[PDB]
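Q: Structure: protein33.pdb, PDB, C-alpha atoms (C1' of nucleotides) and all ligand atoms.
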```pdb
MODEL        1
ATOM      1  CA  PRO D   2     -24.514   8.235 -34.869
ATOM      2  CA  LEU D   3     -22.356   5.328 -36.081
ATOM      3  CA  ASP D   4     -19.092   7.285 -36.354
ATOM      4  CA  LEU D   5     -16.353   8.845 -34.217
ATOM      5  CA  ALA D   6     -12.616   9.202 -33.600
ATOM      6  CA  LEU D   7     -11.788   6.180 -31.439
ATOM      7  CA  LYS D   8     -14.332   4.111 -33.357
ATOM      8  CA  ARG D   9     -11.974   4.499 -36.312
ATOM      9  CA  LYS D  10      -8.705   4.227 -34.358
ATOM     10  CA  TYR D  11      -9.467   0.580 -33.727
ATOM     11  CA  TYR D  12     -10.007  -0.217 -37.409
ATOM     12  CA  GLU D  13      -7.648   1.916 -39.505
ATOM     13  CA  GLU D  14      -4.672   1.440 -37.173
ATOM     14  CA  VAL D  15      -5.317  -0.646 -34.041
ATOM     15  CA  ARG D  16      -6.883  -3.667 -35.775
ATOM     16  CA  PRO D  17      -3.928  -4.445 -38.063
ATOM     17  CA  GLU D  18      -1.520  -3.532 -35.259
ATOM     18  CA  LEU D  19      -2.832  -6.420 -33.175
ATOM     19  CA  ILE D  20      -2.315  -8.787 -36.099
ATOM     20  CA  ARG D  21       1.329  -7.702 -36.039
ATOM     21  CA  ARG D  22       2.139  -9.168 -32.621
ATOM     22  CA  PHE D  23      -0.153 -12.212 -32.759
ATOM     23  CA  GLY D  24      -1.060 -12.760 -36.409
ATOM     24  CA  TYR D  25      -4.598 -14.098 -36.119
ATOM     25  CA  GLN D  26      -5.628 -16.602 -38.787
ATOM     26  CA  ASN D  27      -9.210 -15.329 -38.611
ATOM     27  CA  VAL D  28     -10.825 -11.881 -38.718
ATOM     28  CA  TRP D  29     -12.629 -12.459 -35.419
ATOM     29  CA  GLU D  30      -9.797 -13.922 -33.354
ATOM     30  CA  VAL D  31      -8.592 -10.331 -33.164
ATOM     31  CA  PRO D  32      -9.918  -9.030 -29.804
ATOM     32  CA  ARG D  33     -12.532  -6.249 -29.590
ATOM     33  CA  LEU D  34     -14.293  -4.163 -26.981
ATOM     34  CA  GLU D  35     -18.035  -4.802 -26.792
ATOM     35  CA  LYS D  36     -19.096  -4.022 -23.241
ATOM     36  CA  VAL D  37     -18.479  -1.080 -20.950
ATOM     37  CA  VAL D  38     -20.206  -1.247 -17.579
ATOM     38  CA  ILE D  39     -20.369   1.296 -14.765
ATOM     39  CA  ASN D  40     -21.364   0.864 -11.118
ATOM     40  CA  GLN D  41     -21.643   3.089  -8.038
ATOM     41  CA  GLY D  42     -21.521   1.578  -4.543
ATOM     42  CA  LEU D  43     -23.923   4.040  -2.921
ATOM     43  CA  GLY D  44     -24.666   1.858   0.091
ATOM     44  CA  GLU D  45     -23.734   5.176   1.661
ATOM     45  CA  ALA D  46     -27.006   6.764   0.558
ATOM     46  CA  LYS D  47     -28.952   3.530   0.971
ATOM     47  CA  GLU D  48     -30.951   5.406   3.609
ATOM     48  CA  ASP D  49     -33.041   7.819   1.551
ATOM     49  CA  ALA D  50     -33.304   7.682  -2.231
ATOM     50  CA  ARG D  51     -33.312  11.451  -1.763
ATOM     51  CA  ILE D  52     -29.596  11.679  -2.467
ATOM     52  CA  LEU D  53     -29.892   9.235  -5.365
ATOM     53  CA  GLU D  54     -32.044  10.754  -8.086
ATOM     54  CA  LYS D  55     -29.071  13.079  -8.477
ATOM     55  CA  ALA D  56     -26.187  10.614  -8.871
ATOM     56  CA  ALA D  57     -28.476   8.906 -11.370
ATOM     57  CA  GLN D  58     -29.034  11.890 -13.663
ATOM     58  CA  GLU D  59     -25.388  12.814 -13.116
ATOM     59  CA  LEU D  60     -24.345   9.352 -14.262
ATOM     60  CA  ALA D  61     -26.771   9.597 -17.185
ATOM     61  CA  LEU D  62     -25.121  12.785 -18.447
ATOM     62  CA  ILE D  63     -21.597  11.372 -18.488
ATOM     63  CA  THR D  64     -22.754   8.118 -20.119
ATOM     64  CA  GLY D  65     -25.751   9.112 -22.239
ATOM     65  CA  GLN D  66     -27.711   6.068 -21.076
ATOM     66  CA  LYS D  67     -30.428   6.156 -18.403
ATOM     67  CA  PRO D  68     -28.876   4.227 -15.497
ATOM     68  CA  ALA D  69     -30.523   1.274 -13.756
ATOM     69  CA  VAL D  70     -30.727   0.708 -10.002
ATOM     70  CA  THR D  71     -29.336  -2.450  -8.453
ATOM     71  CA  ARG D  72     -31.021  -3.849  -5.339
ATOM     72  CA  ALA D  73     -29.499  -5.716  -2.407
ATOM     73  CA  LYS D  74     -29.552  -9.512  -2.532
ATOM     74  CA  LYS D  75     -28.689 -10.519   1.032
ATOM     75  CA  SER D  76     -29.316  -8.574   4.227
ATOM     76  CA  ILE D  77     -26.681  -7.380   6.664
ATOM     77  CA  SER D  78     -27.631  -5.497   9.815
ATOM     78  CA  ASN D  79     -23.890  -5.208  10.371
ATOM     79  CA  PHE D  80     -24.311  -2.092   8.253
ATOM     80  CA  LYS D  81     -28.030  -1.498   7.775
ATOM     81  CA  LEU D  82     -28.859  -3.963   4.989
ATOM     82  CA  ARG D  83     -31.966  -6.029   4.284
ATOM     83  CA  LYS D  84     -34.108  -7.370   1.431
ATOM     84  CA  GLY D  85     -33.667  -5.095  -1.574
ATOM     85  CA  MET D  86     -34.448  -1.699  -0.073
ATOM     86  CA  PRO D  87     -30.763  -0.777  -0.470
ATOM     87  CA  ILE D  88     -29.323   0.543  -3.691
ATOM     88  CA  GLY D  89     -26.569   0.754  -6.285
ATOM     89  CA  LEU D  90     -26.460   2.106  -9.839
ATOM     90  CA  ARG D  91     -25.472   0.088 -12.900
ATOM     91  CA  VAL D  92     -25.350   1.121 -16.541
ATOM     92  CA  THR D  93     -24.250  -1.128 -19.411
ATOM     93  CA  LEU D  94     -23.146   0.993 -22.367
ATOM     94  CA  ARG D  95     -22.191  -0.716 -25.636
ATOM     95  CA  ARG D  96     -22.271   0.122 -29.346
ATOM     96  CA  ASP D  97     -21.441   3.693 -30.320
ATOM     97  CA  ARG D  98     -22.195   5.028 -26.827
ATOM     98  CA  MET D  99     -19.302   2.897 -25.613
ATOM     99  CA  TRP D 100     -16.914   4.657 -27.972
ATOM    100  CA  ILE D 101     -18.232   8.174 -27.410
ATOM    101  CA  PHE D 102     -17.761   7.382 -23.731
ATOM    102  CA  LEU D 103     -14.259   5.919 -23.920
ATOM    103  CA  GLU D 104     -13.115   8.934 -25.919
ATOM    104  CA  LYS D 105     -14.017  11.280 -23.067
ATOM    105  CA  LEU D 106     -12.511   9.059 -20.389
ATOM    106  CA  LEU D 107      -9.164   8.461 -22.101
ATOM    107  CA  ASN D 108      -8.796  11.945 -23.594
ATOM    108  CA  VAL D 109     -10.345  14.148 -20.892
ATOM    109  CA  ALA D 110     -11.320  12.255 -17.744
ATOM    110  CA  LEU D 111      -7.964  10.677 -16.872
ATOM    111  CA  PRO D 112      -5.774  13.742 -17.549
ATOM    112  CA  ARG D 113      -7.862  16.075 -15.363
ATOM    113  CA  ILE D 114      -7.655  13.520 -12.559
ATOM    114  CA  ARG D 115      -6.062  14.947  -9.410
ATOM    115  CA  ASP D 116      -2.409  13.938  -9.596
ATOM    116  CA  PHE D 117      -2.886  11.193 -12.184
ATOM    117  CA  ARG D 118       0.082   8.895 -12.832
ATOM    118  CA  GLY D 119      -1.151   5.993 -14.961
ATOM    119  CA  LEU D 120      -3.687   3.162 -14.844
ATOM    120  CA  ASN D 121      -2.586   0.192 -12.722
ATOM    121  CA  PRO D 122      -1.419  -2.627 -15.052
ATOM    122  CA  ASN D 123      -2.118  -5.421 -12.550
ATOM    123  CA  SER D 124      -5.884  -4.864 -12.923
ATOM    124  CA  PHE D 125      -6.169  -7.626 -15.521
ATOM    125  CA  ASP D 126      -8.215 -10.547 -14.230
ATOM    126  CA  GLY D 127      -6.690 -13.557 -15.984
ATOM    127  CA  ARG D 128      -9.071 -13.328 -18.926
ATOM    128  CA  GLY D 129      -8.983 -10.180 -21.061
ATOM    129  CA  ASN D 130     -10.807  -7.559 -18.994
ATOM    130  CA  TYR D 131      -9.920  -4.392 -17.086
ATOM    131  CA  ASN D 132     -11.285  -2.677 -13.976
ATOM    132  CA  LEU D 133     -10.446   0.597 -12.234
ATOM    133  CA  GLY D 134     -11.864   3.018  -9.685
ATOM    134  CA  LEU D 135     -12.446   6.765  -9.587
ATOM    135  CA  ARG D 136     -12.845   8.599  -6.264
ATOM    136  CA  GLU D 137     -14.506  11.583  -7.942
ATOM    137  CA  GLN D 138     -17.000  11.926 -10.781
ATOM    138  CA  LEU D 139     -16.532  15.623 -11.529
ATOM    139  CA  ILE D 140     -13.455  14.620 -13.542
ATOM    140  CA  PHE D 141     -15.972  14.220 -16.363
ATOM    141  CA  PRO D 142     -16.782  16.865 -19.011
ATOM    142  CA  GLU D 143     -20.440  17.902 -18.655
ATOM    143  CA  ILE D 144     -20.166  18.063 -14.855
ATOM    144  CA  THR D 145     -20.093  21.585 -13.407
ATOM    145  CA  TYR D 146     -18.790  22.412  -9.927
ATOM    146  CA  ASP D 147     -21.957  23.954  -8.467
ATOM    147  CA  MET D 148     -23.897  20.918  -9.689
ATOM    148  CA  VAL D 149     -22.341  18.268  -7.446
ATOM    149  CA  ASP D 150     -23.751  18.273  -3.920
ATOM    150  CA  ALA D 151     -21.429  15.449  -2.881
ATOM    151  CA  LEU D 152     -18.393  13.726  -4.406
ATOM    152  CA  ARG D 153     -19.383  10.154  -5.231
ATOM    153  CA  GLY D 154     -16.963   8.189  -7.385
ATOM    154  CA  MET D 155     -17.381   4.741  -8.900
ATOM    155  CA  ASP D 156     -15.703   2.127 -11.076
ATOM    156  CA  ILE D 157     -15.972   0.854 -14.641
ATOM    157  CA  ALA D 158     -15.516  -2.582 -16.154
ATOM    158  CA  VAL D 159     -14.494  -3.082 -19.763
ATOM    159  CA  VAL D 160     -14.830  -6.365 -21.623
ATOM    160  CA  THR D 161     -12.816  -7.507 -24.636
ATOM    161  CA  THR D 162     -13.056 -10.745 -26.627
ATOM    162  CA  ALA D 163      -9.453 -11.466 -25.654
ATOM    163  CA  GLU D 164      -8.973 -14.907 -24.138
ATOM    164  CA  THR D 165      -5.660 -14.251 -22.394
ATOM    165  CA  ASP D 166      -5.108 -10.820 -20.858
ATOM    166  CA  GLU D 167      -1.615 -10.759 -22.362
ATOM    167  CA  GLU D 168      -3.275  -9.821 -25.641
ATOM    168  CA  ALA D 169      -5.775  -7.573 -23.884
ATOM    169  CA  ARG D 170      -2.929  -5.562 -22.371
ATOM    170  CA  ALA D 171      -1.977  -4.542 -25.902
ATOM    171  CA  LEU D 172      -5.467  -3.730 -27.205
ATOM    172  CA  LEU D 173      -5.993  -1.147 -24.467
ATOM    173  CA  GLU D 174      -2.659   0.643 -24.906
ATOM    174  CA  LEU D 175      -3.331   0.916 -28.640
ATOM    175  CA  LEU D 176      -6.688   2.584 -27.981
ATOM    176  CA  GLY D 177      -5.192   5.049 -25.515
ATOM    177  CA  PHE D 178      -4.789   3.449 -22.098
ATOM    178  CA  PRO D 179      -2.041   5.359 -20.225
ATOM    179  CA  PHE D 180      -0.758   2.468 -18.134
ATOM    180  CA  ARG D 181       1.482   3.243 -15.167
ATOM    181  CA  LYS D 182       3.503   0.338 -16.574
TER     182      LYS D 182
ATOM    183  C1'   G G   1     -74.287 -15.179  54.442
ATOM    184  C1'   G G   2     -69.558 -22.991  56.420
ATOM    185  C1'   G G   3     -74.424 -20.936  61.322
ATOM    186  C1'   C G   4     -76.510 -25.028  58.075
ATOM    187  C1'   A G   5     -77.456 -28.344  53.621
ATOM    188  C1'   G G   6     -76.448 -31.114  48.983
ATOM    189  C1'   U G   7     -72.223 -32.137  46.248
ATOM    190  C1'   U G   8     -67.579 -31.725  43.146
ATOM    191  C1'   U G   9     -62.380 -32.223  44.039
ATOM    192  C1'   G G  10     -59.905 -36.339  36.249
ATOM    193  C1'   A G  11     -56.719 -40.191  33.969
ATOM    194  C1'   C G  12     -51.843 -42.260  32.692
ATOM    195  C1'   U G  13     -48.333 -43.857  36.410
ATOM    196  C1'   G G  14     -42.660 -50.680  36.756
ATOM    197  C1'   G G  15     -47.606 -49.080  44.341
ATOM    198  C1'   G G  16     -49.655 -44.280  45.426
ATOM    199  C1'   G G  17     -48.593 -38.926  46.217
ATOM    200  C1'   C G  18     -44.864 -35.278  44.302
ATOM    201  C1'   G G  19     -42.803 -34.279  39.325
ATOM    202  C1'   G G  20     -44.158 -34.989  34.146
ATOM    203  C1'   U G  21     -47.767 -35.919  30.436
ATOM    204  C1'   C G  22     -52.963 -35.551  27.680
ATOM    205  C1'   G G  23     -54.893 -32.995  20.923
ATOM    206  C1'   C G  24     -52.249 -32.170  16.201
ATOM    207  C1'   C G  25     -47.377 -32.493  12.434
ATOM    208  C1'   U G  26     -42.016 -34.336  11.214
ATOM    209  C1'   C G  27     -38.102 -37.948  11.935
ATOM    210  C1'   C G  28     -36.079 -42.519  14.390
ATOM    211  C1'   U G  29     -37.308 -46.876  17.180
ATOM    212  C1'   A G  30     -40.459 -50.090  12.887
ATOM    213  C1'   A G  31     -37.274 -56.005  11.868
ATOM    214  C1'   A G  32     -36.893 -53.177   2.776
ATOM    215  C1'   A G  33     -45.719 -53.356   1.847
ATOM    216  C1'   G G  34     -49.266 -51.335   5.598
ATOM    217  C1'   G G  35     -49.475 -51.232  10.864
ATOM    218  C1'   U G  36     -46.878 -51.613  15.364
ATOM    219  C1'   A G  37     -45.577 -50.471  22.206
ATOM    220  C1'   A G  38     -42.589 -48.193  26.487
ATOM    221  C1'   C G  39     -42.791 -42.196  32.007
ATOM    222  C1'   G G  40     -38.014 -45.024  24.444
ATOM    223  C1'   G G  41     -34.438 -40.875  21.219
ATOM    224  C1'   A G  42     -35.182 -35.972  18.825
ATOM    225  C1'   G G  43     -38.185 -31.379  17.273
ATOM    226  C1'   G G  44     -42.467 -28.459  15.834
ATOM    227  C1'   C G  45     -48.298 -26.650  15.488
ATOM    228  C1'   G G  46     -52.959 -23.657  18.217
ATOM    229  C1'   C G  47     -50.484 -19.284  12.714
ATOM    230  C1'   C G  48     -49.261 -16.424   8.216
ATOM    231  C1'   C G  49     -50.406 -14.056   2.927
ATOM    232  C1'   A G  50     -54.880  -9.586  -1.484
ATOM    233  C1'   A G  51     -50.095 -11.100  -2.521
ATOM    234  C1'   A G  52     -47.149 -14.893  -0.194
ATOM    235  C1'   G G  53     -53.303 -16.174  -4.696
ATOM    236  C1'   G G  54     -55.095 -17.108 -10.414
ATOM    237  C1'   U G  55     -53.201 -17.043 -15.366
ATOM    238  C1'   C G  56     -49.959 -15.394 -19.282
ATOM    239  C1'   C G  57     -44.695 -13.938 -20.211
ATOM    240  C1'   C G  58     -39.614 -13.756 -18.861
ATOM    241  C1'   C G  59     -35.540 -14.816 -15.978
ATOM    242  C1'   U G  60     -32.148 -19.216 -12.777
ATOM    243  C1'   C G  61     -29.282 -20.515  -7.188
ATOM    244  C1'   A G  62     -25.704 -21.197  -3.082
ATOM    245  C1'   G G  63     -20.718 -21.170  -3.309
ATOM    246  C1'   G G  64     -15.411 -20.746  -5.048
ATOM    247  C1'   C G  65     -11.393 -17.975  -7.591
ATOM    248  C1'   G G  66      -9.707 -13.344 -10.123
ATOM    249  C1'   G G  67     -10.524  -7.804 -10.910
ATOM    250  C1'   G G  68     -12.802  -3.471  -9.001
ATOM    251  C1'   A G  69     -13.718   4.570  -5.737
ATOM    252  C1'   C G  70     -16.828   3.976  -0.309
ATOM    253  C1'   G G  71     -16.735  -1.321   0.164
ATOM    254  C1'   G G  72     -13.392  -4.678   3.066
ATOM    255  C1'   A G  73     -14.691 -12.166   5.497
ATOM    256  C1'   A G  74     -19.684 -10.302   3.568
ATOM    257  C1'   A G  75     -23.337  -4.335   0.148
ATOM    258  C1'   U G  76     -23.004  -3.129  -5.712
ATOM    259  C1'   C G  77     -20.324  -4.144 -10.794
ATOM    260  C1'   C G  78     -17.291  -7.589 -14.437
ATOM    261  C1'   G G  79     -15.065 -12.363 -15.774
ATOM    262  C1'   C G  80     -14.273 -17.872 -15.304
ATOM    263  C1'   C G  81     -15.914 -22.672 -12.784
ATOM    264  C1'   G G  82     -20.496 -24.362 -10.493
ATOM    265  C1'   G G  83     -27.047 -29.900 -11.634
TER     266        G G  83
HETATM  267 MG    MG E 201     -72.880 -14.599  47.784
HETATM  268 MG    MG E 202     -72.095 -20.163  50.272
HETATM  269 MG    MG E 203     -41.920 -51.981  41.215
HETATM  270 MG    MG E 204     -44.725 -43.488  41.659
HETATM  271 MG    MG E 205     -49.542 -38.525  50.239
HETATM  272 MG    MG E 206     -49.623 -35.574  39.512
HETATM  273 MG    MG E 207     -41.360 -24.486  20.055
HETATM  274 MG    MG E 208     -44.619 -18.888  -2.235
HETATM  275 MG    MG E 209     -33.401 -17.519 -20.014
HETATM  276 MG    MG E 210     -14.523 -18.586   1.527
HETATM  277 MG    MG E 211     -11.778 -12.763  -3.955
HETATM  278 MG    MG E 212     -11.339  -8.321  -5.009
HETATM  279 MG    MG E 213     -13.914 -10.110  -5.507
HETATM  280 MG    MG E 214     -11.290  -3.158  -3.787
HETATM  281 MG    MG E 215     -16.936   7.866   0.907
HETATM  282 MG    MG E 216     -13.190  -6.743   8.657
HETATM  283 MG    MG E 217     -12.597  -8.422  -2.441
HETATM  284 MG    MG E 218     -19.911 -12.728 -11.814
HETATM  285 MG    MG E 219     -11.770 -15.051 -15.099
HETATM  286 MG    MG E 220     -29.960 -31.567  -8.965
ENDMDL
END
```
Please lay out the structure from this file as structure tokens.
Ligand SMILES: [Mg+2]
Ligand SMILES: [Mg+2]
Ligand SMILES: [Mg+2]
Ligand SMILES: [Mg+2]
Ligand SMILES: [Mg+2]
Ligand SMILES: [Mg+2]
Ligand SMILES: [Mg+2]
Ligand SMILES: [Mg+2]
Ligand SMILES: [Mg+2]
Ligand SMILES: [Mg+2]
Ligand SMILES: [Mg+2]
Ligand SMILES: [Mg+2]
Ligand SMILES: [Mg+2]
Ligand SMILES: [Mg+2]
Ligand SMILES: [Mg+2]
Ligand SMILES: [Mg+2]
Ligand SMILES: [Mg+2]
Ligand SMILES: [Mg+2]
Ligand SMILES: [Mg+2]
Ligand SMILES: [Mg+2]

A:
Amino acid sequence: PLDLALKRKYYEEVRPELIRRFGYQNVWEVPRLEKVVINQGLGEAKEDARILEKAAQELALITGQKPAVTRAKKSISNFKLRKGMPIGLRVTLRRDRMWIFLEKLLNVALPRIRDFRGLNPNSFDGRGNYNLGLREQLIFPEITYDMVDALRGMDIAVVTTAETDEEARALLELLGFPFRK
RNA sequence: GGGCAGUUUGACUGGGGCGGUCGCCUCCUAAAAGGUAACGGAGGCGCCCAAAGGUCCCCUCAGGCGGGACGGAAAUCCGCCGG
């Protein structure tokens, strides 16, 4: 379904807007999203995959994609780790799914967040990319209360083509990133 | 069943006994081929695997810095450097 609200926002408003502050000589120099990634540090449930099939299908609902497990590399008995028996979930959503996802998060997820106040602006890692954590996961649409057996939040990475994050700072605000400023 | 009989009771060893050692692999001694001794300096083997094998196909580390709900020097995710 190559169409949606935010998908347009970037073109018929946000694309030229960027050219206003930086004036790119070329049509591609103008930064774009192209990679949204999500990861859950469930080393907590690394014991039994029992409490894991759930957070997977839960994650799948809110993202549309079928998540992919991530094994342990090292081994640390300091907290029950060895080989690859452990666990973590990772899902790389791009294309349309990325937009239909970012619409929910910026227009539904964030606002219903317990005592929200604005995304931390410092979370820009030199190059144009943003990261942020969420203690809960029920702050998503298609998640009912009686469904969650345990509150397990996570964090999402978003990747732009922006070289410097100075530019990136702008591209996010223009899409709908409520920065704490 | 030492009353009695026939015997055995290793070698190396700055004398012998005591101690230590005895076969195999790696490194140094070894003097830029090979080989090379000392009771010279240092360490391992007496197994393991039906996947830890065959072939076809695909992927590339450790580490460092920055950013990230548990995490917290170190779990998993993203970015940059890294032969
Ligand atoms: Mg007898
Ligand atoms: Mg007798
Ligand atoms: Mg003498
Ligand atoms: Mg002697
Ligand atoms: Mg004597
Ligand atoms: Mg002796
Ligand atoms: Mg030994
Ligand atoms: Mg092997
Ligand atoms: Mg490759
Ligand atoms: Mg260090
Ligand atoms: Mg760091
Ligand atoms: Mg950090
Ligand atoms: Mg870090
Ligand atoms: Mg953190
Ligand atoms: Mg927790
Ligand atoms: Mg500590
Ligand atoms: Mg850290
Ligand atoms: Mg990385
Ligand atoms: Mg970077
Ligand atoms: Mg090399």

Q: Output the residue selection produced by the PyMOL selection byres (((not hetatm)) within 12 of (chain E and resi 205)) on the file above, formatted as JSON, numbers by chain.

A: {"G": [16, 17, 18]}

Q: For range 69-71 of chain G, please output as a PyMOL selection string all residues within 7 Å (counting only C-alpha atoms (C1' of nucleotides); exclusion window: fewer than 6 positions along the same chain).

A: chain D and resi 42+134-136+154-156

Q: Save the residues we just selected, C-alpha atoms, as a PDB file, in the coordinates of the input?

A:
```
ATOM      1  CA  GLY D  42     -21.521   1.578  -4.543  1.00  0.00           C
ATOM      2  CA  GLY D 134     -11.864   3.018  -9.685  1.00  0.00           C
ATOM      3  CA  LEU D 135     -12.446   6.765  -9.587  1.00  0.00           C
ATOM      4  CA  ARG D 136     -12.845   8.599  -6.264  1.00  0.00           C
ATOM      5  CA  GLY D 154     -16.963   8.189  -7.385  1.00  0.00           C
ATOM      6  CA  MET D 155     -17.381   4.741  -8.900  1.00  0.00           C
ATOM      7  CA  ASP D 156     -15.703   2.127 -11.076  1.00  0.00           C
TER       8      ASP D 156
END
```

Q: List the residues selected by the PyMOL selection byres (((chain D and resi 150) around 12) and not hetatm) in the file shown, writing them as a ChimeraX atom specification.

A: /D:51-56,59,138-139,144-149,151-153

Q: Determine the nearest neighbour of chain D from the options G:31, G:39, G:4, G:80, counting all atoms listed in the file.

A: G:80

Q: If the PyMOL selection byres ((chain G) within 12 of (chain D)) is run on the structure shown, which residues does it catch, given as a list in words?

A: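 Applied to this file, the PyMOL selection byres ((chain G) within 12 of (chain D)) selects residues 61, 62, 65, 66, 67, 68, 69, 70, 71, 74, 75, 76, 77, 78, 79 and 80 of chain G.
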
Q: Just the selected residues (C-alpha atoms (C1' of nucleotides)), exported as a PDB file, keeping the file's coordinate frame, please.

A:
```pdb
ATOM      1  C1'   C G  61     -29.282 -20.515  -7.188  1.00  0.00           C
ATOM      2  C1'   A G  62     -25.704 -21.197  -3.082  1.00  0.00           C
ATOM      3  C1'   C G  65     -11.393 -17.975  -7.591  1.00  0.00           C
ATOM      4  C1'   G G  66      -9.707 -13.344 -10.123  1.00  0.00           C
ATOM      5  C1'   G G  67     -10.524  -7.804 -10.910  1.00  0.00           C
ATOM      6  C1'   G G  68     -12.802  -3.471  -9.001  1.00  0.00           C
ATOM      7  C1'   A G  69     -13.718   4.570  -5.737  1.00  0.00           C
ATOM      8  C1'   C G  70     -16.828   3.976  -0.309  1.00  0.00           C
ATOM      9  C1'   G G  71     -16.735  -1.321   0.164  1.00  0.00           C
ATOM     10  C1'   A G  74     -19.684 -10.302   3.568  1.00  0.00           C
ATOM     11  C1'   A G  75     -23.337  -4.335   0.148  1.00  0.00           C
ATOM     12  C1'   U G  76     -23.004  -3.129  -5.712  1.00  0.00           C
ATOM     13  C1'   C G  77     -20.324  -4.144 -10.794  1.00  0.00           C
ATOM     14  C1'   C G  78     -17.291  -7.589 -14.437  1.00  0.00           C
ATOM     15  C1'   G G  79     -15.065 -12.363 -15.774  1.00  0.00           C
ATOM     16  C1'   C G  80     -14.273 -17.872 -15.304  1.00  0.00           C
TER      17        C G  80
END
```

Q: Once 6 Å is added on each side, what are the centre and the three edge lengths, in Å to one decimal, of the axis-aligned box enclosing the listed atoms of range 102-118 of chain D? Present them as AutoDock Vina command-line options.

A:
```
--center_x -8.8 --center_y 11.0 --center_z -17.7 --size_x 29.8 --size_y 22.2 --size_z 28.5
```

Q: From the list D:29, D:48, D:102, D:120, which residue is nearest residue 173 in chain D when using only C-alpha atoms?

A: D:120

Q: Give as a PyMOL selection string the residues surrounding ligand MG 208 (chain E) up to a distance of 10 Å, considering all atoms listed in the file.

A: chain G and resi 49+51-53

Q: Report as a count of residues only which protein, DNA and RNA residues come within 10 Å of ligand MG 209 (chain E), using all atoms listed in the file.

A: 3
